[PDB]
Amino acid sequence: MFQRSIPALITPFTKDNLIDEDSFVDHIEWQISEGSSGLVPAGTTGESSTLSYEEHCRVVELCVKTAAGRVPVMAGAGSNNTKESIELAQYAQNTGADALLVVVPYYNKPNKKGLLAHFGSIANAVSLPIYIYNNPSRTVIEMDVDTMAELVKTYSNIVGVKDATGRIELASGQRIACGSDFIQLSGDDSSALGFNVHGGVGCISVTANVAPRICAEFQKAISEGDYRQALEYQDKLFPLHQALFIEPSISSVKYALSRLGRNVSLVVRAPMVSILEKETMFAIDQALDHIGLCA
């Protein structure tokens, strides 16, 4: 269902700090026409942490409405508050999302038993398939393979992982423990290539926002088992992947999209900021021009 290049969609804002609903709809249209296989509205890249409840819900609704069944929609539906996570996840089901992205809780640092309670509580409150977002570089704590396996075995409803660890040995461990049927998607653009060869079938991508075409071609080459051409694409994209993470990728992506002439404002919500260093904008520009993304 989820496979190949899946943008973690940005949330474009007007200069008045409202949701730019037109820009968001155009972005999704553009993503679909360029070859993106699926959408993740209101995830990290979509500035979930700085959306109100009603905005989060609006962003998911608008993505499901614009998608019109053409590509599957995996709604962001996970905070460090389980009851808020159930309300976001139920809203996403009732508005017609195809799947849920649920992050390992950040800040409050539950133990193993807490992860079981959190993911269990959510899994029992919806019928939609759930993807575990494992991202220790943001959450500090990391779901171990034993906990992940237990969850897959307990809830038929828990079907996959956004694995943003960048340690692809874990892709082999998760494949063996949870089975080949467990849907592993990369949460790290720079290691997505090696992730797929270890059992991955796709990447929930930051870079696909900026360069959906070539990201779709890269993932298509891998799924056709053409690893020589996948590697040619990696060499082209790797510098854009790295340059979008020099400063917060959310600001970097919006900067890039604006330079390409997409109707996406630079505006981000504090504590994110628009202002990037000249060196940062320089490295992004060079990486865009290496691929050849300017008309």
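Each residue number is its position in the shown sequence, starting from 1.
Across the two stretches, 63-71 and 244-252, the PDB entry reports the greater mean Cα temperature factor for 63-71. Between 226-234 and 38-46, the higher mean Cα B-factor belongs to 226-234. The residue among 196, 134, 93, 190 whose C-alpha atom has the highest B-factor in the PDB entry is 93.
In the deposited entry, the Cα temperature factor of residue 84 places it in the highest third of its chain's modelled residues.
When the modelled residues of the chain are ordered by their C-alpha B factor, residue 98 lands in the middle third. For residue 163, the recorded CA temperature factor ranks within the lowest third of the chain's modelled residues. The entry lists a Cα temperature factor for residue 281 that places it in the middle third of the chain's modelled residues. Per the deposited record, the Cα B-factor of residue 117 falls in the middle third when ranked against the other modelled residues of its chain.
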